[PDB]
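Before any comments, here is the structure.
Every chain is numbered from 1 and lettered A, B, ... according to where its sequence line falls, protein lines coming before strand lines.
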Number of protein chains: 4
Amino acid sequence: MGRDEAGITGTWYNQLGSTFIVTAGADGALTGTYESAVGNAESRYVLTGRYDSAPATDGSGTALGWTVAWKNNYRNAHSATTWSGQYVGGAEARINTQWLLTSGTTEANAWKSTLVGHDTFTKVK
Amino acid sequence: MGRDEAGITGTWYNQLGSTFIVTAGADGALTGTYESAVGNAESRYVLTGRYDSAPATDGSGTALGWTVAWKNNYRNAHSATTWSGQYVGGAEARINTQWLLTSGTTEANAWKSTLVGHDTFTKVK
Amino acid sequence: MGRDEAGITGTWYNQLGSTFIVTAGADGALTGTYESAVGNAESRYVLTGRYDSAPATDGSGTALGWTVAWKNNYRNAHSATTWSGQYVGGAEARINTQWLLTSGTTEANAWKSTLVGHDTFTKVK
Amino acid sequence: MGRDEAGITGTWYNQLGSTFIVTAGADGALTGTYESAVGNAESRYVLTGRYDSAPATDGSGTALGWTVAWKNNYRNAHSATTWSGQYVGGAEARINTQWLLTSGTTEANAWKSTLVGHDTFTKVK
Ligand SMILES: [Cu+2]
Ligand SMILES: [Cu+2]
Ligand SMILES: [Cu+2]
Ligand SMILES: [Cu+2]
C-alpha cells in the first residue's frame, strides 16, 4: 500500500561495504538488520525506522530514517547510529543518507560523543 | 531487563515545547509518539528507535536514537527526522540529542534537503 | 560600517569554558584567537572567518562562521573545527553555533573523521 | 613551507559544479573565492579558512576548513557556509568535506536555521 514499499524493501549496500536488509510496511514502518563493514561491529544488528508511505509525485525522493543501536549477542559498542535520508527510485535506485553516530560518554566527554557522515546505498555491489 | 528501561520509558519535553512519549523494551526497542511544537506538524506521529540496553557502568550515558516520518492522518510534510543522542540518568535526567531532518526533494535540490539541530529533553516542563 | 561589527567584536565564552576573541571587519572579515577548554589543545589558536555585514532588520540573527586548525607552537591535533551559526544581539547577546571537527585520517578511517556538536557563546562567564 | 601548501593551492570543483579558488599560506592560512553553482548566489564570494600546515606522514589526510558568508556586491543570502574536511593528495587529489549552512533567522525559526551536507572537490571537472 505504501508508494515505495516495494522499492525500499530488500537488500542495500553502501560505499563502505555494509549491508542493510529492510522491510518497508504499508503504514510507514522500517524493520530489518544492519551489518557494518567497519567499526566496533560484528554480524547483524536490529534496525527500526520510518519512511514517508505517501511521498510527493513531482520527481521528489521519499524521506526515511532508521536507527541501529550497536549491541547484539557478539558485541556492545555503547553507541547508536541514525541515518536520515531519501530513497530515489529508478534504474539506479539509491538511498542517500547522512548519519549521526552517538556514543555513551561521561558528561565531561559529551562534546566528543557524536560522529557525522554520509552513506549512499545501492541495490548492487 | 534493560538497564535504563525504566529511566527512558515515559514522557519527555524539549526546549521547543515538543512532547516525546516512549516505551523502552527489554531488548533495546523504542516505540512511541512524537508531537512537535514547531514546523509542518500537527498532533502525534509514530516513532521507533533503539537504545543500548546494557550500557557502560562508569558514569557514561546510554546511547539511543529514533525516527519520526512526518506523515500522520492530519498532515504529510514529506520528511523524516532522526535523533541520535544519549540518556543521562539522575535527579535531573536528560536525553541530549542531535538530529537530522531530511525532506524529499528532486535530485537538483538534494543539496538543501537536510536540516541539522540539537534537542535536549527533560522529564519536566 | 558592518551592522554588528561592534556587537560581534570582543571576547566570547562557551558552555565548555572555551574563549573566543574576535575582531569583526567592516567588510565581513572575522579574525582572532580561540582557546579550547577541552580536547587536544593548549593556549591560543588562530581563527579566521566571515559574517554577514548587512543582515536582515526583521529581528533576524546575523549569519557567521569561522575555522580553527588545531596547530600552534605547542601542539598539533591534526584537525580543524568549523563553527557555523548566528549572532543574536541585545542584553543577553549570544552566538549560537553548530560545529564540525574533522581530523586527518587514512582513507580507511575517513568514516570516523568528523565530530559534530553545538556551542553557545555569551559575553559573560 | 606548509606540507600541502602546493597541493591545496589552486582551483577546485565540486559535484554541484561549484568552483573554489584558494591560496594556502605557509602558516596555515586559506584565502580565496567561492562560486556556487546552486542556491541564492551569484559570482564570487570571499572565503577564508585554515589548514594543518604540518600534517601526519602516515598516509593521513590534511585537516582544513573554510567559511563563506553569502554577501557580495550582487546578492546577500543572509547566510554562511562552513566546510570542514580533509585534503587527500595524489594522482586523484580530493578535498572531502562536510558543511553547515546557517541562515540568519528569528529566535522562533532558529530550529530550521542550519542545513548540512557534503561536498567532494577535485582538480578536474
Ligand atoms: Cu504532498
Ligand atoms: Cu562495555
Ligand atoms: Cu535582505
Ligand atoms: Cu603528529
Side-chain angles (χ1 to χ4, degrees), chain A residues 2 4 27-31 34 45-56 58-72 76-88 90 94 96-110 113-116 118, chain B residues 2 4 27-31 34 45-56 58-72 76-88 90 94 96-110 113-116 118:
Chain A
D4 308 296
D27 52 359
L30 300 175
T31 58
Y34 201 96
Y45 296 81
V46 172
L47 72 92
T48 189
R50 303 289 296 168
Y51 77 105
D52 178 5
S53 59
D58 58 352
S60 290
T62 299
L64 79 181
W66 69 93
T67 305
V68 170
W70 298 104
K71 176 182 181 298
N72 67 7
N76 191 351
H78 303 307
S79 52
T81 301
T82 64
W83 289 258
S84 183
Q86 56 185 319
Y87 160 86
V88 182
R94 290 270 188 289
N96 296 317
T97 71
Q98 297 184 88
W99 53 256
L100 294 171
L101 166 46
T102 306
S103 293
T105 69
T106 58
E107 300 217 65
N109 295 325
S113 68
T114 311
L115 291 165
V116 60
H118 47 97
Chain B
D4 308 296
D27 52 359
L30 300 175
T31 58
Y34 201 96
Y45 296 81
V46 172
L47 72 92
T48 189
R50 303 289 296 168
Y51 77 105
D52 178 5
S53 59
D58 58 352
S60 290
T62 299
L64 79 181
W66 69 93
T67 305
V68 170
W70 298 104
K71 176 182 181 298
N72 67 7
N76 191 351
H78 303 307
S79 52
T81 301
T82 64
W83 289 258
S84 183
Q86 56 185 319
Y87 160 86
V88 182
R94 290 270 188 289
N96 296 317
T97 71
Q98 297 184 88
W99 53 256
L100 294 171
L101 166 46
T102 306
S103 293
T105 69
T106 58
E107 300 217 65
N109 295 325
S113 68
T114 311
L115 291 165
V116 60
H118 47 97

So do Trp66(A) and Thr97(A) actually touch side chain to side chain, heavy atoms under 4.5 Å? yes
Which one, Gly59(B), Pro55(B), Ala54(B), leads in non-hydrogen pairs under 4.5 Å with chain A? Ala54(B)
Do the side chains of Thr82(B) and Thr67(A) get nearer than 4.5 Å, heavy atoms only? no
Within the structure provided, determine whether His78(A) and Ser60(B) are in side-chain contact (heavy-atom separation under 4.5 Å). no
Could you check if a side-chain atom of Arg50(A) sits within less than 4.5 angstrom of a side-chain atom of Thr48(B), using non-hydrogen atoms only? yes
Top contributor to chain A contacts, counting heavy-atom pairs under 4.5 Å, from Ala69(B), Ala80(B), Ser84(B): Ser84(B)
Pick from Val88(B), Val46(B), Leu64(B): which one has the most heavy-atom pairs with chain A under 4.5 Å? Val46(B)
What part of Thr31(A) lies closer than 4.5 angstrom to a heavy atom of chain B: side chain, backbone, both or neither? neither
By a 4.5 Å heavy-atom criterion (distance strictly below it), what part of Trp99(A) contacts chain B: side chain, backbone, both, or neither? backbone
Cut-off 4.5 Å, heavy atoms of chain A, and the answer for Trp83(B) is backbone
Can you sort out the partners of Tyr87(A) under ring pair (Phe, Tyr, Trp, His ring centres under 6.0 Å), two or more places apart, ordered by chain and number? none
Quick check on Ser53(B) against chain A: is it the side chain, the backbone, both or neither that has a heavy atom closer than 4.5 Å? both
Most chain A-contacting option - heavy-atom pairs closer than 4.5 Å, from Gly85(B), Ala108(B), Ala29(B): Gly85(B)
Do side-chain atoms of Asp4(B) reach the backbone of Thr62(B) as a donor and acceptor pair under 3.5 angstrom? no
Honestly, the part of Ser103(A) sitting under 4.5 Å from a heavy atom of chain B is backbone
Who pairs with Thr114(B) by side chain to side chain contact (heavy atoms under 4.5 Å, CB included), at least two apart in sequence or on another chain? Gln98(A), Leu100(B), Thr102(B), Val116(D)
Can you say whether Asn96(A) sits under 4.5 Å from chain B via the side chain, the backbone, both, or neither, judging by heavy atoms? neither
